[PDB]
Structures are given as C-alpha cells and as structure tokens.
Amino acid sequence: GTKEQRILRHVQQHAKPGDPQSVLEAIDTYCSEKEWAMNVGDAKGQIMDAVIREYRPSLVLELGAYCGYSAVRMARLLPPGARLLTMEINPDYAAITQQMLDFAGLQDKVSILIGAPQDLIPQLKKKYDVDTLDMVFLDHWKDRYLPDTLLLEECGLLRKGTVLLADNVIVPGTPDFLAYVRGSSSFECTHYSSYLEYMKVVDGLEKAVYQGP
C-alpha cells in the first residue's frame, strides 16, 4: 500500500483501540523504524502540546493532513466545548486521517473538510458558522503557508492573540513565510528547533501570534 495506508495498518494491528497515546506511539515507532520521520513525539509533538497548553484554544484549524498524527496529537488535549477543524485537499490523506481519529476514539472532536484551503477558508464564516479562530496549525504543504496566512487575514478569521503554529519550517526553507511573519508588526514570532540527540535540526516550528492588522 501507500505509506499512509501502511501507517494506518500498523496502528490498527499494534495500537490499543480508543487510546490516543497508544496510537501516537505506534505511529512514532513505525515512522522511526522506517526512517520516514524520527521521533516525531519529541521533535514536534511536545511543542504542539506546549502551545495548546499555553493558549487553551476552543477552536483549532489544521491546514493539511497526511496520516492523522497531528490531528490525534491536538484533539486528545481538547476539553468538552473545544474542537478541531482539519482541511486537506487529498481525499486519500483525509480518509486515513479520519480512520486514525476513529481508531483513537477522537472522531467527535474533529471535523474533516476535504478541499483546497483557498476554496474552504472563505466559507468558514458563512458555511461553518465560525467567527474567529483561536489557533491555526499549518501541517504539511509549506509552499502554502504564506498564502494561507494571508487568506486567513483577508477573511477576518484571525484575532488578537490567535496563535499560528507551523511545522517543518527549517532554514533555508519557507524563506518568504518567515520573512513575512517576522517582518510584519502583526505577528509576534518564536522559532523552535528540535535537534533530538544530535547536531542537525530534525524539525523546526514557527509560532506566530497575531497582534492585529
């Protein structure tokens, strides 16, 4: 099968049903063994948890999904009354992500919207009754981080204190996205570099907190 199908199969064969921690560990172990992604829990999961704990969002928007690791990671921390919206253009990735959340017992915490963010973001207010977002997680399509961010602003979906957290921001990648959020007085920025036990960056994340237009 595809890599995402194989990740799901592994979780289904090895993880404890209804146990988000077990699901995350199964994905992490498998991806590390395959050398597809090293210790994602230490490299990005702990940082995601810290951001969610710091800001305590009621409404999180995830832009992009692959196998559902990130959706499980975030959704497991959301209390009653809080929820995750996940947008992903690839229906195969959306499908795996749905099955992964189902396995973790987290389906009622998340709505998956299948389509291009360009098309869906402008529908959030009128179609999905959103006013503003508390947090945005930018997950996988780094060439879309800047245009997604500008569209969120254009649509009036960011408010003062909304936190954007972008994964896989490792120099010299995403130079335009970083120059934009750092250069703009509308964002307060923090960069995280995860080295695990060695000398080279394994994953990098940018936190950008909206300060208003």
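All residue numbers refer to positions in the sequence shown, first residue = 1.
Student: Would you determine, from the values in the PDB entry, which of 25-33 and 146-154 has the greater average C-alpha temperature factor?
Tutor: That would be 25-33.
Student: Tell me which of 187-195 and 14-22 has the higher mean C-alpha B-factor in the deposited entry.
Tutor: Looking at the recorded C-alpha B-factors, 14-22 comes out higher on average.
Student: Quick one: which of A75, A104, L124, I96 shows the highest Cα temperature factor in the PDB entry?
Tutor: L124 has the highest C-alpha B-factor of those listed.
Student: By the record's CA B-factor, is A65 among the lowest, middle or highest third of residues in the chain?
Tutor: Middle third of the chain for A65's C-alpha B-factor.
Student: Pull the Cα B-factor of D129 out of the PDB entry and bin it into the chain's lowest, middle or highest third.
Tutor: Highest third, going by the recorded CA B-factors of the chain.
Student: For the chain shown, is the CA B-factor of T162 in the lowest, middle or highest third of its modelled residues?
Tutor: Ranked within chain, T162 CA B lands in the lowest tercile.
Student: Taking the C-alpha B-factors as the PDB entry records them, is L178 in the lowest, middle or highest third of its chain?
Tutor: For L178, the deposited C-alpha B-factor lands in the middle third.
Student: Tell me, lowest, middle or highest third: where does the Cα B factor of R83 rank within its chain?
Tutor: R83: CA B-factor falls in the middle third of its chain.
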